[PDB]
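Going down the list, the protein sequences come from chains A, D and I. So the first sequence is residues 5 to 42, 51 to 67, 76 to 220, 223 to 369, 404 to 497, counted in PDB author numbering. Residues are numbered in PDB author numbering as their position in the second sequence, beginning at 1, plus a constant of 1053. Residues are numbered in PDB author numbering as their position in the third sequence, beginning at 1, plus a constant of 47.
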Amino acid sequence: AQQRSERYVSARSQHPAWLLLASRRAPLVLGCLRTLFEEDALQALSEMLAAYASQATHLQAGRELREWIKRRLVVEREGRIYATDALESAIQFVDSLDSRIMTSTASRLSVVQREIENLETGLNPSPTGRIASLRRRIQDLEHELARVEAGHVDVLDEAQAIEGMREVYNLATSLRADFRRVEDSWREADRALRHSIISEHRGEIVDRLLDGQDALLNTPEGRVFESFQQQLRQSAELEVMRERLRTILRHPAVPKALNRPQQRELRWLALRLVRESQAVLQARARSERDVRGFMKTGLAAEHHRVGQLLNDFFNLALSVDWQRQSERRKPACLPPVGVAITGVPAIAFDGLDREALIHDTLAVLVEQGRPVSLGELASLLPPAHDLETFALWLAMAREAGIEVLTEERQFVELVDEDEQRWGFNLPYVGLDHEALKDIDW
Amino acid sequence: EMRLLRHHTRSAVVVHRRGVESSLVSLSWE
Amino acid sequence: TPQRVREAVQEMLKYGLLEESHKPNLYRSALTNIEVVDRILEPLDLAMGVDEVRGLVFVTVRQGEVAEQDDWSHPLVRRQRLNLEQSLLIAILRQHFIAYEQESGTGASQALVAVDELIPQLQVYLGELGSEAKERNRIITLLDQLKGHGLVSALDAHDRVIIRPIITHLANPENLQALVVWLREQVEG
């Protein structure tokens, strides 16, 4: 009994999912992670954490992400973040607290009894009992056929149909729970293999493994997945199953049992399962290819020796005084590598941009904080193109609802690049920041 | 094409609509 | 003399190294003319090192009959010597590069490390300053000093630095052993 307590203590100390449960900001993190799986992740996490001060932002988000990566909650391959089984387990536990489909049903008992009978019949090697069981089943089927031909077609009740639908959905949707587990097992097997190779470096083992074309990364989960997908490759029963499901879906009791998302999930079981099964073979192939490429490099002995030397240096580094500037600035002995030259031998595009102009005009309006007409705005911010700007200001004024007067004229003199003069007979406008502060552009 | 327009034009009329109403404004240059 | 050979020699001497990922033509031209490049660089007391596995062509000081030419008295050498603080930082970066290289496969990837990750490990040896600003400024100064030697690049918008593969030839096991022996002698008396 105490062994259970010790194991619980160890699990609380170690398992990353429980640590995520114990995290203070678990709700936001879980919401973000669940939404994403349906670099930029840091952006989304910071944006979500923004309007949740209550109770840095970028720095704290990065620190949390790196801590979780160190905790192996998520993995990083080249530039992308990928999930593990623990994330899905935690998500399931969290969202299961709302509503759970009951299993203690008579229909489940019937299915269990049928499966038990099937197992007991299948495991028997006797050639006589199987024949007797087949005869009994045929006799029972003939009795049922005679009773049906007597006019006793049995139609189940409403509650019975609802319970059957719910149980079928519950049992069917559980096929996709083990996918990440196989990938995690393959990754950990690959890491163990690389550690063994580097620890060993012996070239004979590398040559033998490269010569051998046998599949590496052998785990029982791989064999189970292979058998499952091999039986899944037979579409003959898949078509019948899909047709039966689509026939079932057209029943008046459906809206009373399953919501829209459940019906959508049930409608496309077969193709989705096939595609998901296919999606793992590419990952296995890439893992094997990367392992073989790493083996062909033949630098394991080099890395082993350099690691040993670095460990020796870092062991020596604990016997020096880093509190002295003179010692820290004492030159060492390292030849110059990659020495460059000694500096010298000692001898109608572009057009117009709108966003920048809008932002600068907004900044001027907010900094001045007073009504401004077109003349002053032109003076403070001389334009490159005289047109395409007056129109923009007038459009902003009209859209914002700020009134524009046309009975009076303001004369603005502009000079282009090639000298000369132009005069604009603009009407009068007054621009303020407060009115237009809440309109997108 | 406002760049080419400015070469061979001497006036402009801007039409803007807000809500279900519209309005016109006149300009010039020289 | 072929024009491509001369251009490759000029570029390599100007920059100190040639990378196939950025200059594949120069890398191939200089790689296929090792004897010619050696003959050209012999009067200059320089030597060429090639790493086809990592695709790099660098220039080092040619070794003469002199037992100790110090590798820093060459007239064409412009850079300053290396002290112990920068040496420890380089060793830590070498360990980071080893960690990056261990779990790496086919494909083009780069070794990027954040400053905040590097801060505590160097604080372990050097110590800790009163404010985080002081330590951050010290780390930035050291990173700039090492970037002057071409080992890293400038910081990006996300407070990260890139470790150039040249450190692999800077921290080769022979130089590592020599520096370890020298430091051991420094500590012992």
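The beta-carbon is built from N, C-alpha and C at its ideal position, and this holds for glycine as well.
When only Cα atoms are considered, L291 of chain A and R264 of chain A end up about 8 angstroms apart. Nearest to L293 of chain A by alpha-carbon distance, out of A:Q256, A:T269 and A:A453, is A:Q256.
In this structure, the straight-line span from the alpha carbon of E226 of chain A to that of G154 of chain I is close to 26 angstroms. Leaving aside the five residues that flank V108 of chain I on each side, the residues in its chain whose CB is nearer than 8 angstroms to its CB run, in chain order, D92, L93, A94, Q116, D118, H121 and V124.
Here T107 of chain I is bridged, per DSSP, to I:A94.
Taken in chain order, the complete beta strand (DSSP E) segments of 3 or more residues contained in the stretch 265 to 322 of chain A number zero; there are none. Flagged as an interface residue toward chain D: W478 of chain A, by a C-beta distance shorter than 9 angstroms. Beta-carbon to beta-carbon, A275 of chain A and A181 of chain A are separated by about 5 angstroms, close enough to satisfy the 8 angstroms threshold. About 37 angstroms separates the beta carbon of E98 of chain A from that of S178 of chain I, a gap too long to meet the 8 angstroms contact definition. For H1069 of chain D, the closest Cβ of chain A is nearer than 9 angstroms.
The C-beta of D115 of chain A comes no closer than 9 angstroms to any C-beta of chain D. Comparing alpha carbon positions, the residue from I:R51, I:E54, I:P49 and I:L173 closest to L135 of chain I is I:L173. Following the DSSP letters along the chain, one finds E187 of chain A inside the alpha helix (DSSP H) bounded by residues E178 to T193. Here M59 of chain I is buried. Its C-beta has 16 or more other C-beta atoms within 10 Å. For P483 of chain A, the C-beta contacts it makes with chain D under 9 angstroms involve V1078, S1079 and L1080, in order along the chain. In the DSSP assignment, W1082 of chain D falls outside any beta strand (DSSP E), carrying neither H nor E.
Considering only beta carbons, the part of the stretch 444 to 460 of chain A lying closer than 8 angstroms to chain D consists of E444, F446, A447, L450, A451, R454, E455, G457 and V460, in chain order. Taking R196 of chain A as reference, the option from A:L260, A:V296, A:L430 and A:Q252 with the minimal CA-CA separation is A:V296.
Contact between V468 of chain A and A434 of chain A holds, with the beta-carbon distance rounding to 6 angstroms and staying under 8 angstroms. Taking a beta-carbon distance threshold of 9 angstroms, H441 of chain A counts as an interface residue toward chain D.
A residue is called buried when at least 16 other Cβ atoms come within 10 angstroms of its Cβ; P212 of chain I meets this threshold and is buried. Taking 9 angstroms as the cut-off, the Cβ atoms of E203 of chain A and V302 of chain A count as close.
Beta bridge pairing from DSSP links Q466 of chain A with A:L482. Nearest to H216 of chain I by alpha-carbon distance, out of A:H163, A:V328 and A:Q251, is A:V328.
Boundaries of the alpha helix (DSSP H) harbouring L436 of chain A: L430 to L436, taken from the DSSP string.
For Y12 of chain A, there is no enclosing beta strand (DSSP E); the enclosing alpha helix (DSSP H) has its first and last residue at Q6 to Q18.
In the DSSP assignment, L161 of chain A falls within the alpha helix (DSSP H) that extends over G149 to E169. For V124 of chain I, no alpha helix (DSSP H) run applies, since DSSP gives it neither H nor E. At least 9 angstroms separates the beta-carbon of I81 of chain I from that of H143 of chain I. Contacts between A114 of chain I and chain A, judged by CB atoms closer than 8 angstroms, are missing: the closest CB pair is about 14 angstroms apart. With 16 or more other CB atoms across the displayed protein chains lying within 10 angstroms of its CB, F247 of chain A is buried. Of all C-beta pairs linking the stretch 170 to 189 of chain A to the stretch 80 to 93 of chain A, fewer than three are shorter than 8 angstroms, placing the two stretches out of contact. Excluding residues up to 5 positions away in sequence, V202, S205, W206 and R306 lie with their Cβ nearer than 8 angstroms to the Cβ of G244 of chain A in the same chain. Beta-bridge analysis with DSSP links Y62 of chain I to no other residue.
Rounded to the nearest whole angstrom, the CA to CA distance from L408 of chain A to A56 of chain A is 32 angstroms. Using a C-beta cut-off of 8 angstroms, the stretch 337 to 351 of chain A makes contact with the stretch 224 to 236 of chain I, since at least three inter-stretch Cβ pairs fall below that distance.
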